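Heads up: the protein sequence lines correspond to chains A and B, in order. The first sequence begins at 8 in the working numbering and counts up one residue at a time. The second sequence begins at 20 in the working numbering and counts up one residue at a time.
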Amino acid sequence: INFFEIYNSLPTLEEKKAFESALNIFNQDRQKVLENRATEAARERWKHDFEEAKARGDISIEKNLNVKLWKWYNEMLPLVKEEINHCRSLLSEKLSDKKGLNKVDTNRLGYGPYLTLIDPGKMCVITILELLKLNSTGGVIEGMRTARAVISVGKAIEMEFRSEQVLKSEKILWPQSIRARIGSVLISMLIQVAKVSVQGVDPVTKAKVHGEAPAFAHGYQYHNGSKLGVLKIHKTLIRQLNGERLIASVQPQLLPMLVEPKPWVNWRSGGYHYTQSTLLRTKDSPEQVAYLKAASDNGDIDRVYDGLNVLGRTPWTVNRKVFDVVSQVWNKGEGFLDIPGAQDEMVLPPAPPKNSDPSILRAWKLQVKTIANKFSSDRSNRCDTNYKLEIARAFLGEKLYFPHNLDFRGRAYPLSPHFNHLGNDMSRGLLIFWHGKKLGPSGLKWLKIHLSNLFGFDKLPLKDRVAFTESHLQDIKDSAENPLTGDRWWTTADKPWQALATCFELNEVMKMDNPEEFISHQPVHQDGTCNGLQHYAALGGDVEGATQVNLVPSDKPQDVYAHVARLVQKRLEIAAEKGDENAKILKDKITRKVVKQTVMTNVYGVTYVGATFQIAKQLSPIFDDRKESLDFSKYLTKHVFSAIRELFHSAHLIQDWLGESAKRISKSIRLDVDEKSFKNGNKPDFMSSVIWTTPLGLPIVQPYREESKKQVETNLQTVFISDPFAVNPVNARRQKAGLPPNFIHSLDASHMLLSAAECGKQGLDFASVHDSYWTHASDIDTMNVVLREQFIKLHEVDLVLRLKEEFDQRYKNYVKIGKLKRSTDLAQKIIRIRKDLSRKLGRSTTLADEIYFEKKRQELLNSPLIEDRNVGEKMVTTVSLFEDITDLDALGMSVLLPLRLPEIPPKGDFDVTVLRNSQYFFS
Amino acid sequence: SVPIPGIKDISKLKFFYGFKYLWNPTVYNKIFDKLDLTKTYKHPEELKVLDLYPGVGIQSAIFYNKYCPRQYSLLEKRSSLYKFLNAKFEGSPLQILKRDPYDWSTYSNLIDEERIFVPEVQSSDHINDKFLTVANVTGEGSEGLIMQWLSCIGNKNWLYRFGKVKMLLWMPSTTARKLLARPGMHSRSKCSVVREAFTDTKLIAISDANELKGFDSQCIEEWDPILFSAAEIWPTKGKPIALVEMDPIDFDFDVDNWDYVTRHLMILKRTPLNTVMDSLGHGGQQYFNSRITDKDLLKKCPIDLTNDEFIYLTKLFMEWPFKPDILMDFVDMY
DNA sequence: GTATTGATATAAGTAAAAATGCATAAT
DNA sequence: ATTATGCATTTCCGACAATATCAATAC
RNA sequence: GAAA
Ligand SMILES: *O[C@H]1[C@@H](O)[C@H](n2cnc3c(=O)[nH]c(N)nc32)O[C@@H]1COP(=O)(O)OP(=O)(O)OP(=O)(O)O
């Protein structure tokens, strides 16, 4: 029963509202069915398939996957039950030590209580589902890694208990060691049970041989002289797992919603009705969760809630015509566009004679490895497309919703990972808006501009874009009439499926005589050009940056990437004087794509090898040289770095200031926290991470730390894993290299959220891809106005100065490390005080003791009693004598320094208001 | 009639790239007498010798002064070493080439492309009577080259298409200990298995007495190695070095299956065979339990096994109908 | 005796050394 | 005190990234 | 694969 066609057929607004209310009331049970959990859904599906197979006589191979899974679950549950009983018996007594086997029982005493909480069938189904999910992952040809599988199974069992506990709530965390032990135990039990039936050919008889073989096996492999514990999956299982019944076997748990998403009112409330999702995507960090909870308590994040709710309130549906074309292409079987093409098994060249050249043998092995990698990649890229198309089939002609989350920086992503609008061009062309808004007098122009942009000509003026679209009317007509079995003009665009959808809409418009009153559902994109550079220019007040990133109004849209490519080509013309062959080969071979990636990444702190790889990746299709073109790419990086260093100055100044501030924060120690003894010597722990807040009040905590990888004795093997549940010193290099990009990305996210909230207040349909915002064709002018106003409001204040003030406030009493030679009179005074304080303390006073004395002295002046404060001021500690001095940074022994941050660079006097009429700020 | 480089001359060299060289003519005479190549090669005047990584060239000069071979060639591409070799050995029948012995194409371009060095192919029933190769691989990071040359012995492709080419190699003490480890010893590894399968190796000399405990006492007694102090090797910051002589032998197994079986069995080198066959595929444990009737085999660790037992296991692996594919043993990294 | 953290070897061409991209730390 | 020396812009999607054996210590 |  299609609903989109009925919604379009209804001609009255009141009747449309009535139908929407009826649909919303009707979809509650369907939403409950969709949000039904994986264990129950899988168990019922497998039991139903087993019952149907038992009814239909004996049919094994047809439903082989589900029948085999039910058989394995049924015959492997008793093993788990018996192990639980054994654990209970070995824990009920709780009397003896060194009981049983040293390896066996001492492990059971560790992982026993974590196995008695959850249902045995629940662990069985969880393990089966995880091992089916993680196939051909980790470089293993036909299997998973043991280190991956033990954690994923254990983490899944931990997660299901958290959901069950909170459900009963309407114990903190499990250790990584316990996760590994549980995963290994259950995976071993599944290995002992999983049997498949295969037939092979006897080498000496040349006839078929029958027998039963284990489905899963544990083995090891090598990569560059290092072991690799792996788990393999038999071919008889791989052929079915990579089939078209994978969706039925493994039901998804995060699908598009049918009813309107629950609004965000709390950091742990929103999104799905029955699934609890945190506002942030915290990989492994309790500090971020703590700060997010504190912000939610304070209530300083409400514009974030408004923006996320506006993002999640937009209704979608599946484009039927594009879906049909995609289905025909997929069912044809031949590789079309970016779908690779269905191939069954590998094809390998014939091996050379064994006594051939070792170089020849190495070349053959390299070719075999390349072929296998290509085959596996194609199979994975085809399985992903099959999964997306099956979801599209499931949700065809139905209203959709996409609740959104945030990552630790602040950028927004949908909750559904499989099918959403952040996918590739097929996924972006397979989705349209549920509400169809009249094109009006500007929808035609904006839709034509949208098609011109989707054909890659998004650097031309708007008149040129509409001229292109109106010149290609016949091609648009042919493409929309017969996409397949036609001229296939839409395929030439860099976004073919989106161009196909736009062509469908444009033809349906052109078929009438009054295009103004046409009802359109195709979203139109308007994205900024060089968003990071625009934010840098706004931060620095750079008039030159603003005028070259289209902030200053101009007749034509500039392109920094093309400008840089042209300048580098002129530099290569200069180098043609010397005329070295390496320069001569690539003199005219520059491409704005290579220059674009390098110029974009430069302001975020890219290094030589990173730029080399970025250039080589986009220079490979040009095929200028062999795979040793790394020399050419390195020369390219050298001169493009010279050019960008010449061009961008204020952005690099702000980047340097941010990096220096990150260094100062990373090399600091707290007073009260680090006052306790560490017994490490003169090396106190660095427990401080760079933290700041967006203009919207969201607190961002950088989670970079140091990871300790130790072997954990599990049943299958000893995995090499780390503990993300323990405090570790902050990675200074990671913090310093991450702050400059994270700040800019947080600014981008905040501006996007402000625009989304304002568009929700103004009653538009808003969808966004980070720096790109989508809406209807007739609302593009209003959207542009909203974006310009939000950008002006966001950058009206001095954001860098506010950040510096926040850093100064949050790091008032912190201690840095510094080394100054005693040749200076001031620096020798610190050494004398250290000697003098050591005698006063009566022992060899250390850096920890000196810092503790300074912290305790501060407590006196902070005490309410003036007598204590007078003594504190009277008492002179090691750091107190250095408070006034601010020039000894450059003027031997290591001495304690206070935390002082660098002065902000000068900002050019540029009025950000001038972009209120800039036509090409976003396009 | 050929000058011998002195300690003062060889001490002027700047970089040795981690390669330790020996400069004592007395111990050179001692090791040559111990080797007794005068009997193996009936016509020293009709002997063609290839030298890899010569360095100082003292050993090459003494070899020429002692035997007067038909042809001798030095392959050395390192800058200062080649410069000193040209300075000290020009005007002598010794030949020095600016080629790097690591590249596989070097030997082809030297033998069948430029037609400079051509060995004499003979039957495989005896050691190659008209071809000898000498190498000095002492750099601690260049053990992979030694293992590659052993694999080339296995494949009969690099220099062993000519026949049973006798090998004279200077190696670090740890490498010699690992290659010359007997069954049950703590240092036995797949390198030891390869050495036992493909070659017949003896320890001609060593540079440290305290490192002999790594070798078997019986083997030490049989070999009677020549010992000398570390003062006779010029770069004195390195670990002790050893000299071995490798004689290729005949074998009757398939190299690819044997390599696969040994590599996947000796990962777990202290675990009895009744629990390690499960790592060779699906059903390996039950298949090998059914196909093996021996008693101590199911309780012997692969470090206790020998080449004959490994050949028996690889033949059973061949006879396995449900065997895995050897080729698909790698990762999709790059 | 049992128990524990650290050192060492694995494979073997996408070398190691010497000479660099580069900053940070160290023996 | 310049020598070694680990690492190479950020984020998300499942998006990763070694294991075995031993050799003295500690209890 | 998606974005800076
Ligand atoms: O084109 C990709 C894609 O189909 C797939 N692939 C590779 N890595 C991922 C990943 O993290 N997530 C998803 N969903 N798909 C992935 O394999 C193809 C091959 O990719 P390449 O290795 O050529 O390029 P890569 O993505 O590594 O490029 P970059 O992001 O480092 O620039």
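Idealized CB from N, CA, C, for every residue including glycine.
Open item on the list: Can you look up B:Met-265 in the DSSP assignment and give me helix, strand or coil?
Closed with: Numbered from its first residue, the second sequence carries residue 265 of chain B at position 246. It is a strand residue.
- [ ] Taking 8 angstroms as the cut-off, decide whether the C-beta atoms of A:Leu-844 and A:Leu-895 are in contact.
- [x] Reading the first sequence from its first residue, position 837 is the one you call residue 844 of chain A. Reading the first sequence from its first residue, position 888 is the one you call residue 895 of chain A. For A:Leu-844 and A:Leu-895, no; Cβs fall outside 8 angstroms.
- [ ] Hey, could you find the ends of the alpha helix (DSSP H) A:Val-311 is sitting in?
- [x] Taking the first sequence and counting its residues from 1, the one referred to as residue 311 of chain A is at position 304. Segment 310 to 319, the alpha helix (DSSP H) holding A:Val-311.
Open item on the list: Any heavy atom of ligand 1 inside 7 angstroms of the beta-carbon of B:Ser-211?
Closed with: Taking the second sequence and counting its residues from 1, one reaches residue 211 of chain B at position 192. Flag unset: Cβ of B:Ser-211 not near ligand 1.
Task: Reference A:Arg-795, options A:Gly-770, A:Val-726, A:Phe-929, closest by Cα - done: Start at 1 with the first residue of the first sequence, and residue 795 of chain A comes out as number 788. Closest option to A:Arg-795, Cα to Cα, is A:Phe-929.
Open item on the list: ligand 1 and A:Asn-388: does any heavy atom of the ligand fall closer than 7 angstroms to the residue's C-beta?
Closed with: As a first step, residue 388 of chain A is located in the first sequence; it is residue number 381 there, counting from the start. At least one heavy atom of ligand 1 is nearer than 7 angstroms to the Cβ of A:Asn-388, so yes.
Task: Run of the beta strand (DSSP E) containing A:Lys-826, from where it starts to where it stops - done: Numbered from 1 along the first sequence, position 819 holds the residue referred to as residue 826 of chain A. Unbroken beta strand (DSSP E) run through A:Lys-826: 821 to 827.
- [ ] Please decide whether B:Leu-346 counts as near chain A, where near means a Cβ-Cβ distance under 8 angstroms.
- [x] Indexing the second sequence from 1 puts residue 346 of chain B at position 327. Judged by the 8 angstroms Cβ criterion, B:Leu-346 is in contact with chain A.
Open item on the list: Quick check: is the beta carbon of B:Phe-349 nearer than 8 angstroms to any beta carbon in chain A?
Closed with: On the second sequence, residue 349 of chain B is found 330 positions in, with the first residue counted as 1. B:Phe-349 counts as touching chain A.
TODO: Figure out for me which residue from A:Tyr-279, A:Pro-293, A:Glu-219, A:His-428 has the closest Cα to the Cα of B:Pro-340.
DONE: Here residue 340 of chain B refers to the residue found at position 321 when the second sequence is read from its first residue. With distances taken between Cα atoms, B:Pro-340 lies closest to A:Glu-219.
TODO: Pull out every residue of the stretch 144 to 178 of chain B whose Cβ sits closer than 7 angstroms to any Cβ of chain A, in chain order.
DONE: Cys-171, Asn-174, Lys-175, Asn-176, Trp-177
Open item on the list: Give me the chain B residues within the contact set of A:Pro-365, using Cβ-Cβ distance strictly less than 7 angstroms, ordered along the chain.
Closed with: As a position in the first sequence, residue 365 of chain A is number 358, starting the count at 1. Per Cβ cutoff of 7 angstroms: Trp-123, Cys-171, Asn-176, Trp-177.
- [ ] For A:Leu-895, name the three-state secondary structure that DSSP assigns.
- [x] Along the first sequence, one-based indexing puts residue 895 of chain A at 888. Reduced to three states, the DSSP call for A:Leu-895 is coil.
Open item on the list: Any heavy atom of ligand 1 closer than 7 angstroms to the beta-carbon of A:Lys-624?
Closed with: Here residue 624 of chain A refers to the residue found at position 617 when the first sequence is read from its first residue. The answer is yes for A:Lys-624.
TODO: Starting from B:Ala-224, follow its DSSP beta bridges and name the residues at the other end.
DONE: The residue given as residue 224 of chain B occupies position 205 in the second sequence. In the DSSP output, where bridge partners are listed per residue, B:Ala-224 has B:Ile-245, B:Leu-262.
Open item on the list: Is any non-hydrogen atom of ligand 1 found closer than 7 angstroms to the C-beta of A:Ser-384, if you look at the structure I gave you?
Closed with: For the purposes of this step, residue 384 of chain A is taken as the residue at position 377 of the first sequence. The answer is yes for A:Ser-384.
- [ ] Please name the residues in the stretch 316 to 346 of chain B whose beta-carbon is closer than 9 angstroms to at least one beta-carbon of chain A, in chain order.
- [x] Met-337, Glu-338, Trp-339, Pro-340, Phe-341, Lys-342, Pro-343, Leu-346
Open item on the list: Spatial neighbours of B:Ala-216 within its chain, please: C-beta separation below 7 angstroms, excluding the five flanking residues on both sides.
Closed with: Looking up residue 216 of chain B in the second sequence gives position 197. Once the five neighbours on either side are set aside, the close Cβ partners of B:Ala-216 are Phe-270, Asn-326.
Open item on the list: For A:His-425, which residues in the same chain have their Cβ closer than 8 angstroms to its Cβ, ignoring the five residues on either side in sequence?
Closed with: Residue 425 of chain A sits at position 418 when you count from the first residue of the first sequence. Counting only Cβ-Cβ distances below 8 angstroms, and skipping sequence neighbours, we find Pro-259, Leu-261, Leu-262, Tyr-394, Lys-395, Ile-398.
TODO: Note down, one range per segment and in chain order, each alpha helix (DSSP H) of at least 4 residues found wholly within the stretch 814 to 881 of chain A.
DONE: 832 to 848, 854 to 869, 873 to 881
Task: Any alpha helix (DSSP H) of 4 or more consecutive residues that is wholly inside the stretch 39 to 116 of chain A - done: 45 to 62, 71 to 99
Task: Neighbour list for B:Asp-278 in chain A, Cβ cutoff strictly below 7 angstroms - done: Locating residue 278 of chain B in the second sequence gives position 259, counting from the first residue. Going along chain A, no residue has its Cβ under 7 angstroms from B:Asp-278, so there is no contact; the nearest lies around 12 angstroms.
- [ ] Within 10 angstroms of the Cβ of B:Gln-78, are there 16 or more other Cβ atoms? Answer buried if so, exposed if not.
- [x] To locate residue 78 of chain B, count along the second sequence from 1; it is residue 59. With 16 or more Cβ atoms within 10 Å of its Cβ, B:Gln-78 is classed as buried.
Open item on the list: What does the Cβ neighbour count give for A:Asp-755, buried or exposed, with the cut at 16 atoms within 10 Å?
Closed with: Here the question's residue 755 of chain A lines up with position 748 in the first sequence. A:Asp-755 should be labelled buried.
Task: Residue burial classification, A:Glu-47 (beta-carbon count within 10 angstroms, cutoff 16) - done: Here residue 47 of chain A is taken as the residue at index 40 of the first sequence, counted from 1. Exposed.
TODO: Enumerate, from N- to C-terminal direction, the unbroken beta strand (DSSP E) stretches of 3 or more residues contained entirely within the stretch 81 to 160 of chain B.
DONE: 90 to 94, 114 to 116, 150 to 155
- [ ] With a floor of 4 residues, list each alpha helix (DSSP H) that falls wholly inside the stretch 536 to 604 of chain A, ordered by position along the chain.
- [x] 538 to 547, 550 to 555, 567 to 582, 588 to 592
Task: Neighbouring residues, chain B, relative to A:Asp-391 (Cβ below 7 angstroms) - done: Indexing the first sequence from 1 puts residue 391 of chain A at position 384. In chain order: nothing, as chain B lies at least about 16 angstroms away.
TODO: Taking 8 angstroms as the threshold, find out whether the stretch 66 to 83 of chain A comes into contact with the stretch 298 to 310 of chain A through three or more Cβ pairs.
DONE: no
Task: Cβ shell of A:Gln-206 (< 6 angstroms), same chain only, five flanking positions each side left out - done: Along the first sequence, one-based indexing puts residue 206 of chain A at 199. Within the same chain, A:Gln-206 has close Cβ partners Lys-215, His-217.
TODO: From the DSSP output, in three-state form, read off A:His-217 for me.
DONE: Counted from its first residue, the first sequence places residue 217 of chain A at position 210. Strand, per DSSP.
Open item on the list: If contact is defined by three or more beta carbon pairs under 8 angstroms, each pair taking one atom from either stretch, is the stretch 293 to 303 of chain A in contact with the stretch 753 to 769 of chain A?
Closed with: no
Open item on the list: I'd like the span of the beta strand (DSSP E) that includes A:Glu-720, first residue to last.
Closed with: In the first sequence, the residue the question calls residue 720 of chain A occupies position 713. That run of the beta strand (DSSP E) goes 716 to 720.
Open item on the list: With the cut-off set at 8 angstroms, would you say B:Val-68 and B:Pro-24 are in Cβ contact?
Closed with: Here the question's residue 68 of chain B lines up with position 49 in the second sequence. Here the question's residue 24 of chain B lines up with position 5 in the second sequence. Their beta carbons are not under 8 angstroms apart, which means B:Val-68 does not touch B:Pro-24 by this criterion.
Open item on the list: Please identify the residue among A:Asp-385, A:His-442, A:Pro-748, A:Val-883 whose C-alpha is closest to the C-alpha of A:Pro-322.
Closed with: Mapped onto the first sequence, residue 322 of chain A falls at position 315. Nearest C-alpha to A:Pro-322: A:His-442.
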